[PDB]
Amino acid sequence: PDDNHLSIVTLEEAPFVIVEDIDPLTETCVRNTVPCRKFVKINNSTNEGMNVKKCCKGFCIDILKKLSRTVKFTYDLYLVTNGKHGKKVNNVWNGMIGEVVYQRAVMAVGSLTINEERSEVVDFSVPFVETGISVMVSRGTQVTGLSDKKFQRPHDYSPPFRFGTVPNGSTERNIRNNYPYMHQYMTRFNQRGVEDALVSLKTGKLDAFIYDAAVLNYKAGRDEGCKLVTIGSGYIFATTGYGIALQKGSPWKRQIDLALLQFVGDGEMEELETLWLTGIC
């Protein structure tokens, strides 16, 4: 109960975190949403900016709501502005990871992948969504997985496969560490975001998109005509999960872990999965 009003950072990534504009007449978030603020700059010649009141919802926001109630904390939720999920740049963490490392946030809640390098600088909860690295293609495209030789040695094929990721996250880090030739080749096809990547696929400009498995599976399930698919038997390289990142030695981790495991045991996680993640395909 003591010092239980917590700074919490998140990051938009549907359906895990969805950001809406607040009703301006009321400045109240309604329904299934929670208040979340975003620092927006006045201009680019200045550090001056203002917090905009927004509204947040989604799978991870419902997790936060349950945690808040179960673990008995209140919070001030904000959207990260210094980068995205988390990357080490010149030995300095940005994104949600950076916000936790440098103690601006007590925890980070979102589509944040647990990996070894982040685990060195933050504590992670137990995984609450299963993920890893999947590959999305148009139905019928024959590729075995990340490990396919069309990815590993692309210039052995004529024409070579055109494939990319969204840079600066856990997926790109993994490819950079494991498959150097693939990685340097892929940078040509880097995508600004998931939406751009899906458009590139649907119009024939990219042959595959390599990305977080949970997000790809979601997008595959919502795809018009069920053209975009993930390869293999729901297949995932480097199986991991999303985790709540907490500061090293955090006193909140114990209770957050138990709560998450209780949600799994109680069927509450399955309910959330059915609410947010089920698709037509």
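Position 1 is the first residue in the sequence shown; the rest follow in order.
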Regarding 93 to 101 and 188 to 196, which shows the higher C-alpha temperature factor on average in the entry? 188 to 196
Identify the stretch, either 55 to 63 or 27 to 35, whose C-alpha atoms have the larger mean B-factor according to the entry. 27 to 35
For the C-alpha B-factor as written in the entry, point me to the maximum among 12, 20, 257, 270. 270
Residue with highest C-alpha B-factor in the PDB entry, from 123, 172, 156, 117: 156
Could you tell me which third, lowest, middle or highest, the C-alpha B-factor of residue 6 occupies within its chain? middle
Sorting the chain's modelled residues by C-alpha B-factor and splitting them into thirds places residue 143 in the highest
Record-listed C-alpha B factor of residue 242: chain third: lowest
Would you please rank residue 151 by its C-alpha temperature factor against the other modelled residues of its chain and give the third it falls in: lowest, middle or highest? middle
By the record's CA B-factor, is residue 203 among the lowest, middle or highest third of residues in the chain? highest
